[PDB]
């Protein structure tokens, strides 16, 4: 059967994973970097080989991929980057911790955003410290005005990840290419949702572990033949 591996990057700098890092291009913390090395060794020890790699345009995922490729001696593999595998864009909340979020928007609204599949946070306004840093970053310059999010619901995030999966990743899998995907919790959520045909409520409950190879065994229809599996101990 086809074999697919996913890896979610680990910790980013300045505690930004607990601060709605979203589309801000936070680097890995040294610890986050160590997780990626540990995961790389798991794959080396297991003798995994890949033919193509997919990642986002965010450095925390890219450096995670680099760390894995280094560890398994396949730095020579072709690599494809796409904004479509970016983390969820958290709009105005980006960079705020939990207390600052509650203080600014209230517990009632924050709880609603947290449990909703289709409600976006408020948009990142020009007064936001990250507004121009992200919205005018040249890596998004070719994006149409509607493709470049000011904010995303989980639904929005999954909707823009899947076209890439369908058009670019699927064809590779169907040609027997062994695929590695290094991305983010919410973009990975979209792939896991489509693969296992999960429900909105179920995908919002799924919390993929970080820095750990996630292995899928798929049949000819790209349906999983078993639950996701993890590498390590």
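Think of the rigid core as the biggest set of C-alphas that the two forms share within 1.5 Å after superposition. Positions refer to the first chain, counted from 1.
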| said: After superposing on the rigid core, which of 211-219 and 17-25 has its C-alpha atoms sitting farther from this form in 9 other deposited structures of this protein? | reply: 17-25
| note | Stretch farther from shown form by Cα RMS in 9 other deposited structures of this protein, picked from 220-228 and 6-14 after core fit, is 6-14
| query | Would 90-98 or 139-147 have the larger average of its C-alpha temperature factors, as given in the entry? | reply | 139-147
| task | Return whichever of 37-45 and 54-62 has the greater mean Cα B factor according to the PDB record. | result | 37-45
| query | Lowest, middle or highest third: where is residue 221 by C-alpha B factor in its chain? | reply | highest
| query | Split the chain's modelled residues into thirds by Cα B-factor; is residue 117 in the lowest, middle or highest one? | reply | highest
| message | How does the C-alpha B factor of residue 184 compare with the rest of the chain: lowest, middle or highest third? | response | lowest
| Entry-reported Cα temperature factor of residue 107, expressed as the chain third it lands in | middle
| message | Looking at the temperature factor on the CA atom of residue 31, which third of the chain's modelled residues does it land in? | response | middle
